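To keep things clear, I will list the structure first and then write my remarks on it.
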Amino acid sequence: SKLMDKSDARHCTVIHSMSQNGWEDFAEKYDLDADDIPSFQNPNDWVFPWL
Amino acid sequence: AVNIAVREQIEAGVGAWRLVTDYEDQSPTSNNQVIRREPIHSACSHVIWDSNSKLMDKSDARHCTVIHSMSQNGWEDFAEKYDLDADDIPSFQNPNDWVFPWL
Amino acid sequence: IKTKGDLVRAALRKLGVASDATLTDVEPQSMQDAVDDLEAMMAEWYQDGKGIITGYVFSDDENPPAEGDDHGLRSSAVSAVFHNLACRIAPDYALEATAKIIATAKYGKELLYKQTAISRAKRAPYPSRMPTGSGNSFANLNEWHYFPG
Amino acid sequence: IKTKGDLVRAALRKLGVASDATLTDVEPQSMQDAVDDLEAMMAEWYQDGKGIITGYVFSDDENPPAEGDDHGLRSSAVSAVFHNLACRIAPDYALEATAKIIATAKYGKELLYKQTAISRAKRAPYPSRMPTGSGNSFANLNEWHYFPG
Amino acid sequence: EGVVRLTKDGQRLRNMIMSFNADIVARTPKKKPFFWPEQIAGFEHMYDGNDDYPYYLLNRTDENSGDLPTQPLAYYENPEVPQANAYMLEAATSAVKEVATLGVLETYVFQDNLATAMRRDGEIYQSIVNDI
Amino acid sequence: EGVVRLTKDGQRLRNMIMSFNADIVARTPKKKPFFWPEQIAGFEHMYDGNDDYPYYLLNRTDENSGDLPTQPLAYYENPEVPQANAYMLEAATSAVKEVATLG
Amino acid sequence: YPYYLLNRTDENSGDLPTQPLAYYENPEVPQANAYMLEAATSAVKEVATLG
Amino acid sequence: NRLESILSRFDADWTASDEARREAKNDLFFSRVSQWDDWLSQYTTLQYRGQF
Numbered sequence: 157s158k159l160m161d162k163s164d165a166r167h168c169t170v171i172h173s174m175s176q177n178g179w180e181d182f183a184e185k186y187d188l189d190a191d192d193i194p195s196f197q198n199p200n201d202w203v204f205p206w207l
Numbered sequence: 105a106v107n108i109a110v111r112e113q114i115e116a117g118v119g120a121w122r123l124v125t126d127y128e129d130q131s132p133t134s135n136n137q138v139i140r141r142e143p144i145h146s147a148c149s150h151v152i153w154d155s156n157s158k159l160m161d162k163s164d165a166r167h168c169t170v171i172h173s174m175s176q177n178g179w180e181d182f183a184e185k186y187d188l189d190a191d192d193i194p195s196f197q198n199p200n201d202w203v204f205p206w207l
Numbered sequence: 001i002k003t004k005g006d007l008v009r010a011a012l013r014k015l016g017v018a019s020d021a022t023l024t025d026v027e028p029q030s031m032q033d034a035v036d037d038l039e040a041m042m043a044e045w046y047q048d049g050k051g052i053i054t055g056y057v058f059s060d061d062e063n064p065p066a067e068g069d070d071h072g073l074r075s076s077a078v079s080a081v082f083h084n085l086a087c088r089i090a091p092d093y094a095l096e097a098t099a100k101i102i103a104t105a106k107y108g109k110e111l112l113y114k115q116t117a118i119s120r121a122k123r124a125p126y127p128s129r130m131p132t133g134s135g136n137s138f139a140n141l142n143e144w145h146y147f148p149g
Numbered sequence: 001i002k003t004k005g006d007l008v009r010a011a012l013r014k015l016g017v018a019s020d021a022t023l024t025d026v027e028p029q030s031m032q033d034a035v036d037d038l039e040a041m042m043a044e045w046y047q048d049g050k051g052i053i054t055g056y057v058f059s060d061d062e063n064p065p066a067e068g069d070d071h072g073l074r075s076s077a078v079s080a081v082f083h084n085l086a087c088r089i090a091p092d093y094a095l096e097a098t099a100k101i102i103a104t105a106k107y108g109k110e111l112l113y114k115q116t117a118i119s120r121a122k123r124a125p126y127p128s129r130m131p132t133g134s135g136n137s138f139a140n141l142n143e144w145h146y147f148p149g
Numbered sequence: 312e313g314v315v316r317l318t319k320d321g322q323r324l325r326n327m328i329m330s331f332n333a334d335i336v337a338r339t340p341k342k343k344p345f346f347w348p349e350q351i352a353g354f355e356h357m358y359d360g361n362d363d364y365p366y367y368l369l370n371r372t373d374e375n376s377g378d379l380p381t382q383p384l385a386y387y388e389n390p391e392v393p394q395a396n397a398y399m400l401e402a403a404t405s406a407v408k409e410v411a412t413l414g415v417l418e419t420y421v422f423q424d425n426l427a428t429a430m431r432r433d434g435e436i437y438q439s440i441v442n443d444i
Numbered sequence: 312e313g314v315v316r317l318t319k320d321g322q323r324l325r326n327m328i329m330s331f332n333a334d335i336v337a338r339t340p341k342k343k344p345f346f347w348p349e350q351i352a353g354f355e356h357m358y359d360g361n362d363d364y365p366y367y368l369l370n371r372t373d374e375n376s377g378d379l380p381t382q383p384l385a386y387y388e389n390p391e392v393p394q395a396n397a398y399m400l401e402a403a404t405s406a407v408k409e410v411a412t413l414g
Numbered sequence: 364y365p366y367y368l369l370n371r372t373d374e375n376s377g378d379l380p381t382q383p384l385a386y387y388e389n390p391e392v393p394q395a396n397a398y399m400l401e402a403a404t405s406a407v408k409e410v411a412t413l414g
Numbered sequence: 001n002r003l004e005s006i007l008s009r010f011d012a013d014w015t016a017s018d019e020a021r022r023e024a025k026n027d028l029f030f031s032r033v034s035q036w037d038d039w040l041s042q043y044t045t046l047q048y049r050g051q052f
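Residue numbers (PDB author numbering), protein chains in the order written: chain C, 157 to 207; chain P, 105 to 207; chain V, 1 to 149; chain L, 1 to 149; chain X, 312 to 415, 417 to 444; chain B, 312 to 414; chain W, 364 to 414; chain S, 1 to 52.
So, in structure tokens, the structure goes:
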């Protein structure tokens with residue numbers, strides 16, 4: 157894509173980071189199997205020592 | 105496109121556009137066709153004007169070469185759009201360098 | 001010159017004691033005492049590697065130092081060693097080393113420590129709170145601040 | 001003059017010892033000791049090439065230095081070498097070199113190191129972060145910044 | 312040429328001077344007194360930096376000599392950022408400021425060039441319209 | 312004649328003076344103390360630049376002499392960019408400013 | 364290097380005298396030249412008037 | 001043939017505007033990515049390089 161509004165882009169990927177209860181909520185909303193825990197490329201790092 | 109050309113003119117000193125025709129079945133401008141002005145990034149290295157042109161608007165130029173840098177999926181999209189063989193990977197002069205250690 | 005006995009004999013020759021330029025002959029216990037003094041002076045100079053390094057080899061604890069052991073010094077270090085040995089053992093024979101001998105010993109010690117001082121003149125690395133400026137492309141590797149020293 | 005024996009004999013002639021201007025004769029072991037002292041002094045001066053360079057050739061480890069070995073010094077270096085040799089060996093014969101001999105030795109050493117100091121007075125190249133100006137046409141070759149030292 | 316081409320040398324010199332002075336600030340040793348080891352022998356804990364003592368005791372006598380000479384104390388001189396660096400930083404900043412002008417609206421010649429580009433675009437668009 | 316012909320001398324002199332002063336800034340050794348190698352023998356790590364020590368220890372005694380003379384410490388005078396260079400830079404800039412007028 | 368080391372001893376003498384260091388004095392553009400430059404520039408400015 | 005003529009024209013135009021192209025590309029890199037155009041010495045030694 158060579159446009160600021162990204163209208164030339166033919167595809168886009170959005171990464172969702174959600175807690176466990178959020179995972180069951182998402183699975184119920186989209187009719188997914190909550191047992192199979194998903195995984196993807198991790199958008200955020202752990203440079204800060206978060207608990 | 106106009107804003108990109110302005111920014112490049114402020115910074116690099118040269119900018120460019122490109123007007124292409126396309127077919128629009130729903131809400132066309134006229135004759136089932138539309139005209140759009142898509143931008144050209146790095147017009148200094150991606151637009152190669154004729155060397156005999158002595159005008160700022162380059163209207164004296166009798167030929168012009170535009171170099172396209174596109175990813176793989178962009179290459180199959182280009183081949184499908186222009187009815188090309190996507191298997192044969194094209195090659196041309198590299199408009200850009202690798203001075204910065206891009207991954 | 002080539003062994004610790006030579007360093008002692010040359011040092012005595014410089015002082016004018018036990019040299020063949022005055023028909024004077026040597027006593028073996030003078031050799032023993034001067035070799036012991038040389039060993040002590042070299043050890044004090046070395047300080048187990050924290051001081052001047054001259055390549056001198058020290059006799060092991062089991063075997064006391066002898067006249068015939070090679071000193072191991074570099075060819076450019078013998079002069080300073082025996083001049084300083086003569087300066088140190090001058091009070092042994094109720095004598096004071098001449099001004100020339102003292103000056104030569106000082107010059108030799110300066111030249112011995114010159115190279116070590118050049119080698120040890122190493123700057124410390126950047127501090128631990130120094131940022132690596134944006135001009136360094138290794139900043140993209142999350143290396144925004146310098147490693148600690 | 002032409003060999004290490006000559007440098008030793010000249011040194012002693014300057015000191016007033018073993019010269020025919022006073023009918024005094026030479027002792028071979030005095031020659032050997034003075035040659036050894038000259039070898040040590042030249043090695044200390046050379047400092048394995050990190051000090052004053054005079055063209056002096058050093059005898060190999062296998063063969064000890066000899067009286068007849070050529071020194072290899074330049075024609076302008078002999079005077080300083082034998083004056084310094086006389087200054088160094090003056091305490092050997094219970095003598096102190098005169099003020100003239102000491103001054104001549106200092107002047108000769110200064111003269112010897114003059115050319116080496118001029119040759120080694122070489123400025124360092126530009127800093128690694130010093131930018132090459134736009135006036136240099138080699139900037140178009142992507143050499144916007146100077147090469148590191 | 313645009314507007315950022317002629318300020319490159321001044322900006323590069325400014326960056327280099329600022330980097331050099333930052334290096335001077337960081338790697339220069341701080342100001343601490345010069346002490347002989349025997350001047351403070353047994354008094355090392357007094358000069359640590361704590362604020363528990365009202366004195367700074369020094370040894371007075373030496374065994375194999377008279378009293379300690381106790382020459383006036385010397386401190387390592389503070390980092391300076393030599394005024395050559397500061398003056399050339401100021402000069403480079405002034406240079407970039409003077410050259411960084413499109414002429415003084418200031419963007420008028422760059423505006424007229426854009427106007428000519430718009431005129432060429434209009435001509436091309438008219439041709440395309442007449443053709444399709 | 313245009314307007315940039317008469318300012319060439321002042322501009323060239325300005326560029327040369329700035330280049331000379333940049334050379335002075337870059338290639339001049341900075342201010343560091345003058346130490347005898349025997350004054351800091353065994354104390355070299357104290358003057359590296361680290362802030363791990365509260366002192367700057369120096370050797371007091373020498374073997375074949377009395378105590379160290381310890382003459383007052385000497386440093387490089389900081390680079391100056393001589394006021395000749397600065398004053399003539401100002402004069403050249405003033406000259407170009409005065410001549411650079413088409414009226 | 365964090366130091367500027369100097370030799371302390373000389374062979375045929377005591378320690379080096381090490382007199383205080385001297386630096387080549389910076390160029391000055393004597394104030395005669397600057398003052399006469401100002402005076403000349405001013406003279407041209409006063410006479411350069413057709414009225 | 002057509003290929004040779006097109007490449008000859010493109011090579012002539014590319015070589016004619018080489019230095020202006022390089023200067024404009026440097027301007028874009030300087031004003032968009034970083035002001036330290038050190039391709040080689042950037043890796044020789046790690047030293048502070050500010051961006052002011």
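Quick reminder that beta carbons are idealized off the backbone N, C-alpha and C, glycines included.
Using beta-carbon positions only, say whether residue i and residue j come within less than 8 Å of one another.
i: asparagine 326 of chain X; j: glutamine 51 of chain S; result: yes
i: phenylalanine 345 of chain X; j: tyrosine 387 of chain B; result: no
i: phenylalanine 30 of chain S; j: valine 315 of chain X; result: yes
i: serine 119 of chain L; j: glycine 149 of chain L; result: no
i: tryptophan 179 of chain C; j: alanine 190 of chain C; result: yes
i: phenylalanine 147 of chain L; j: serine 41 of chain S; result: yes
i: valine 415 of chain X; j: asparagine 332 of chain X; result: no
i: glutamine 115 of chain V; j: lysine 122 of chain L; result: no
i: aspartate 154 of chain P; j: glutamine 137 of chain P; result: no
Closer than 8 Å, CB to CB, is residue i near chain B or not?
i: residue 426 of chain W; result: Limits of chain W in this structure are 364 at one end and 414 at the other, which puts residue 426 of chain W out of reach.
Report yes if the C-beta of residue i is less than 7 Å from at least one heavy atom of the ligand FAD; otherwise report no.
i: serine 59 of chain L; result: This structure does not include the ligand FAD; it has no bound ligands of any sort.
Beta-carbon of residue i versus every beta-carbon of chain V: anything under 8 Å?
i: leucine 46 of chain S; result: yes
i: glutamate 355 of chain B; result: yes
When we look at the beta-carbon of residue i and count the other beta-carbons within 10 Å, is it buried (16 or more) or exposed?
i: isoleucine 144 of chain P; result: buried
i: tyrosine 186 of chain P; result: exposed
i: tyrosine 420 of chain X; result: exposed
i: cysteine 168 of chain C; result: exposed
i: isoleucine 108 of chain P; result: buried
i: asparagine 375 of chain W; result: buried
i: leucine 417 of chain X; result: exposed
i: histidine 356 of chain X; result: exposed
i: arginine 32 of chain S; result: exposed
i: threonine 318 of chain X; result: buried
i: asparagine 361 of chain X; result: exposed
Can you confirm whether residue i, when its beta carbon is compared against all beta carbons of chain P, has any partner nearer than 8 Å?
i: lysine 162 of chain C; result: no
i: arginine 21 of chain S; result: yes
i: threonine 428 of chain X; result: yes
Give a yes or no on whether the minimum CB-CB distance between residue i and chain L is below 8 Å.
i: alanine 105 of chain V; result: no
Of all Cβ atoms in chain S, is any one closer than 8 Å to the Cβ of residue i?
i: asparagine 136 of chain L; result: no
With a threshold of 8 Å between beta carbons, is residue i in contact with chain X?
i: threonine 169 of chain P; result: no
Cβ contact check for the segment 74 to 88 of chain L and the segment 99 to 109 of chain L: 3 or more pairs under 8 Å: yes
Problem - the segment 64 to 75 of chain V touching the segment 3 to 19 of chain V, judged by at least three CB pairs closer than 8 Å - result: yes
| query | Can you list, in chain order, the stretches of the alpha helix (DSSP H) that have 4 or more residues and sit fully within the segment 20 to 49 of chain V? | reply | 28 to 46
For this session: Tell me, please, whether the segment 197 to 204 of chain P touches the segment 50 to 66 of chain L by the rule of three or more beta-carbon pairs shorter than 8 Å.
Result: no
Could you check whether the segment 126 to 135 of chain L touches the segment 110 to 118 of chain L, counting it as contact only if at least three pairs of C-beta atoms, one from each stretch, sit closer than 8 Å? no
*With contact counted as at least three CB pairs below 8 Å, one residue from each stretch, are the segment 30 to 42 of chain V and the segment 7 to 14 of chain V in contact?*
yes
- Touch check for the segment 139 to 155 of chain P and the segment 118 to 127 of chain P: three-plus C-beta pairs under 8 Å? yes
- Item | Ranges of the alpha helix (DSSP H) found wholly within the segment 50 to 114 of chain V, counting only runs of at least 4 | 78 to 89
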